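Here's the structure, in structure tokens; my notes come after.
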Amino acid sequence: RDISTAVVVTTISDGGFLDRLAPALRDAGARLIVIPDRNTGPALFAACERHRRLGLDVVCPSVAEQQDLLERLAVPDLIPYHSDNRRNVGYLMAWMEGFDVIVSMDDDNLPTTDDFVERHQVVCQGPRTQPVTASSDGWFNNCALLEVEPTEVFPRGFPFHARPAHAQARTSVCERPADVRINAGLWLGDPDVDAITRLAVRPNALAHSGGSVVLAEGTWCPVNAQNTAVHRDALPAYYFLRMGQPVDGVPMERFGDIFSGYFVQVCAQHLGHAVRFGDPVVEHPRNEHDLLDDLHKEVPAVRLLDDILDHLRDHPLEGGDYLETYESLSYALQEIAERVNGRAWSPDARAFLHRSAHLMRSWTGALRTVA
Amino acid sequence: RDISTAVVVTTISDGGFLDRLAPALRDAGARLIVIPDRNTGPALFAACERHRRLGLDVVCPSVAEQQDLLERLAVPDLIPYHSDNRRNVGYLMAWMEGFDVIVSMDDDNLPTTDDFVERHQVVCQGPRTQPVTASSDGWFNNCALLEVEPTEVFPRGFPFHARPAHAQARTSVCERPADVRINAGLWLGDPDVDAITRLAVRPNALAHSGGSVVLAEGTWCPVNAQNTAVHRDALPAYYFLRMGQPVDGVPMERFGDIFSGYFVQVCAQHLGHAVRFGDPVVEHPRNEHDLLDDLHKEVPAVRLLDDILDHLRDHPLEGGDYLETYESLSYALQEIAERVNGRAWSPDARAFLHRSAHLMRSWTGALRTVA
Amino acid sequence: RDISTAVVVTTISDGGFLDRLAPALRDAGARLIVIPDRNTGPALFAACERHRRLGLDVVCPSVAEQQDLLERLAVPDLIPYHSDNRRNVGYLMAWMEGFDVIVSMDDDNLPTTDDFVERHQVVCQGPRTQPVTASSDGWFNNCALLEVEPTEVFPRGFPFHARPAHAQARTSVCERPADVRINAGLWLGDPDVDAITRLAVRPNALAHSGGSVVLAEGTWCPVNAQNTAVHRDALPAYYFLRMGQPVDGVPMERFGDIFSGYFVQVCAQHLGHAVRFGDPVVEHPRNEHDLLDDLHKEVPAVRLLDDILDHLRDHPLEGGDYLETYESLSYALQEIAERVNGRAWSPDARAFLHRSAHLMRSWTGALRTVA
Amino acid sequence: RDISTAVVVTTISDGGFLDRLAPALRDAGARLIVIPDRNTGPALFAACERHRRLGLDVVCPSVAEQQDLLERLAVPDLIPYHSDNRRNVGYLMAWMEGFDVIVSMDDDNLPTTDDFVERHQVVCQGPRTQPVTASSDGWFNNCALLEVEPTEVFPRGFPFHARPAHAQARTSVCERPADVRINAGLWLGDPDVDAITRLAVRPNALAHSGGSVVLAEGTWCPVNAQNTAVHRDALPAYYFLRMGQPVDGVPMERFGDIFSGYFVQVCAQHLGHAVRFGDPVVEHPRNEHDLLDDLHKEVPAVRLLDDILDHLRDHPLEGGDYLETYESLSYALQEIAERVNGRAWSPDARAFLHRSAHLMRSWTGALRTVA
């Protein structure tokens, strides 16, 4: 059977990134779902049509076409505008059309090898006994698989409480049954670190030297949405969380895929599935960012992430598939919002988990409508 | 059958208010459930024991006894301390002990007649054809039943959008079947107005001249918790909402009973029940308050109340009893939080309804545990 | 003896208000300085030219002409756009051109009599023995000069702490030397009350029945900028204060003329000058406003006004003219910002008085440049 | 020639740090001024008396003695409690008593050599031709004088915009006249980096390998208050800035010595004086800190520091001594607060520079009172 792959990219650029992204996608026959926004210029639509007649199966639904679909599914207020949260439209469209693989990318992640789509098809491998990687502290640093200067770094969304003692953790590999459903490809150039790390050492990923790994049950690593393949069964749990909720009056941002990466990861391991890190590797000539503005956006989420990850360890989930498990996860987040203690847990911070949980069940309700 | 009545009062005073509250409660054999807090002095416990040996069936469970009960019901974080929200403990205790009538009062509401408890027993009257009062605009002003100087006023929690045109509304009385389950007694001296009205005209309620009324379906009026009797069947919907959630960064307060008054009211009319206003009347020598501080607390809730009340009109509910209806109301509030539009509906304002809905279902879950 | 009058109005309307404002100004030969903004449509410029051809000495400098003037005076950042603070440009222009009387008005205040300009010329009367009105509590309610329904009201900016006991205050009139330099004309229709009063009673001013008064030293009343004449000597202290400073994170608005009215009033009394209230009376068909939004804007300033007014009584001022006295007042506000105590005096609230003081001295610095 | 040295430390510890701090201070006959706070336990007072009997000239004035002193100098509200800002009391006391050298330290900075006081006496050296260090980019990284693992770091308060291109900057040493008035000793163990750096790489200072340098005019480096000697002439410009002012609603902290270090540095260079970095080196077993809480406190100041430093380059100062120059700097900060542009410059951020400027002049006013 032929594996179908759909690449999802939301962007506000002029479409010039298609010149380097299309070749690997066009040669493999994969579909590219470009999600524009209201603040997206008309040059993107002209760039999609130019690459469409070059052989690329690219679609670029206008904001009017996106809103009509979301209104038919009784979720007109779920996905906001002027935000990269609109990539959920691409997730939904690729899921309705029955694609096997959904590859989430940004407009500044460019494949480096011809087998980019083939490597991401590993999420359709199925269960089989394979070498699995476990860590004594329950955390794995995927940036250790890369050659990074000037010093060692951690990925964005990695819990800070476990960073100092992670160097003494024991990494072991064992032959165990595993079912890879999420494949987080690595990145060269500017690695996916938080604004804290980028402001401190300005890391530069030189090469991919560690190969690929599959994480065992209990070993976690943050998964982003800039070079990540998700099997269609696991896609219901890959909802990009809506940002903007204030923490002590400071609205959070840039962590929509940090939560989605951990949410689909804890849902996968509950269902006997695993997350893979490594190939395919992409180039990340990162778009220009105000690093102090990125820091101001991420800190509200960083202040809560360690506590959320700690409570998720002690909260067992229920469900037979990803829809039931993700909805069970949403109820667990509401229980965590009331038991967690900390100086950063103001009433607006606790209410952030409650509104997020409602939006998660609103996302699953839309998927159950098309199904 | 003898009707059982339990009066619930949470306070941080020294207990001197018992000298005028006990006579009407003691002569009727009603129980008084005083709910202290961590910021409550020991003089209250000595005042309860002094009145207990005078004939009053008064109980004053310590914060250790309250927390033990709430922990046994799997709700240790539901009711916060240093807040008048602890009156929910009195609601829960009176409901577990099987009291027919639950009368919510404050420590500055003093009965004026000997039949205070007997008048509040009207919530056990049952269904019968009685004169019911309807208004063309769907709103009733209970302060019009009082002689107020220097001008006409509206009760606290009355929607502001309907105040200017309420004078032209048509009030009609018709003989219809009604089942009174909530009785909001009126107040003399300082009436229950919002800080806007109290700062503007400083109203003084002189006498109760309008008698008593029972409101028909579609006619609403805010119900407070300072002189209100609730039948035990309707008590599950009388949960005092938790305050402190910020609206555009400003934490709301003083509207815990505004929401509970409207919530139990919309739940009652869905179940074919009605709300009564009038006797018994109490004196309100209001405690000393910083009126500008009261205003700063109420404004965050005032900015949202009109929109919430508008959407509740167009949202039909489900349920066979008050537990099912209140839980259905909690889900309706979450749908309203995403459809409502307005300048005051910041992400923290929308998340206020989501966390409140979770706390409402957490309150119903505790009632289902003892049941 | 040849008195010149310039009227200052800043607006974002289409200029239709000129149809009822021009006749009284055109017959008296007074100049109208209309200050447009960036959010002002082009119809206002066409309305000014249409009325200019009818005989009205009206000027309407574009935002480019305003910014060039403010840049030549080394104050390019003093006056913001998208704000009614731009009336300070009109204050500055009328002062540079040597006008004797500067009448501050809004686009919804319309004269009711033909002698509108002549009555406002009372600020050029000079010192003389005249009936002077004093109050035992130090406050005068100018709304008592009007017939107001449905109840008695207080003007916007009146201290709330002195309202309840003001009815017991003794009002006496004596023949004393006085020099009227500020004349606050009254308003029919919608009186100038705060949002607290307008939301509570919705006042309607029927007629001007109390005549005119001149307040003694030690008797204060807030002076707005919608129908107020200021002598050119007192104009340097009439700087419309810049709004937007947060108080506990809540930005203040609608009180720029409340401070300017009190500031020019305490400066005038220090120099032996007085404030007049009464004629000329204008009609105020108030523009449409979101009253709950007006409340949310005014509360931050209302929380601090009573304390600021109390300290201005204890603080003696220095200076020989309005420029020196206004600067001395600016330093006094900085001393008050550190000695005042209260729950509403967060660090941002105290810093509001410091930035306001610098902007006051920046306004006087620009006036010293043209002089 | 008979040089007096007073060490200033404010602390809430139990006084155990005196065991390792007294020997170097006691052998040199220097005075130790310990400034307790309201949240300081009584064990500190017992530790000071225990070390006083051992020969250490240590004083520990109670909060009542501090407040009496600050009240006599007409500055009772300048220095808040429950804050390390109370070291300004120690700065004031050491200045009133005529000490030549004022060494600012914290309770976790411990001398490593016997000549600790003698090395800090370099601020009494006077003008002479000496090796002076200049940098092409105008910045010097004093952490480059240390052996730091695992990677190169920048000191706390170093501008982030100049960090990437600083490696390409040219460092030259020339024989020029210089007058050292501030000597910033270095620190082993935990270096003085911001929370961004400490969270990212967790630096560890191994040894002092770069020697000592004296910076030229136009070469800046942040100066902290944990191991810094200031000549008594330069002490008036060393006022520890008061924290707590919100930036976009987020109160700043931990940067009181970042401003004081830059302020005393720009004042010294205007007067022909210089700043020295190097010996004496102290050990810094840093007190336990919540690093994410340190980050949440520092970000508000980090968002504004690069812009403030850029404008201080363009702003010329006036004055003959440090008092006149510091006051001239205070007025310069007010001009900068209105001309600076950026996303982080909300009204509360601009007003922070205005209230800080008034507090700077309030500090100089108290110094002019004792003089």
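Which chain is which? They are A, B, C and D, in the order written, and residues in each are numbered from 1.
Here, a contact is a pair of C-beta atoms (placed from the backbone, for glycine too) under 8 Å apart; a residue touches a chain by one contact, two chains touch by 3 or more.
Colleague: What's the distance between the Cα centroids of chain A and chain B, rounded to whole Å?
Modeller: Computed from C-alpha means, the inter-chain centre distance equals 46 Å.
Colleague: Just the number, please: Cα centre separation of chain A and chain C in whole Å.
Modeller: 56
Colleague: Based only on mean CA positions, could you tell me how far chain B sits from chain C in angstrom?
Modeller: 44
Colleague: Which parts of chain D, given as residue numbers and ranges, touch two or more other chains?
Modeller: 249
Colleague: Should the pattern of chain-chain touching be classed as line, ring, star, complete or other?
Modeller: Here the contact pattern is a ring, one closed loop where every chain has two partners.
Colleague: Taking the top-of-page definition of touch, could you list the pairs of chains it picks out?
Modeller: Here the touching chain pairs work out to A-B, A-D, B-C, C-D.
Colleague: So in the complex, the part of chain B that touches chain C is made up of which residues?
Modeller: Touching chain C from chain B are residues 150-153, 160, 163-164, 196-197, 199-202, 248-250, 290-293, 295-296, 299, 302-303, 306, 343-344.
Colleague: If we count contacts the way the header does, which residues on chain C are in touch with chain D in the complex?
Modeller: Within the complex, chain C contacts chain D at residues 77-78, 244-246, 249, 251, 334, 337-339, 346-348, 350-352, 354-355, 357-359, 362.
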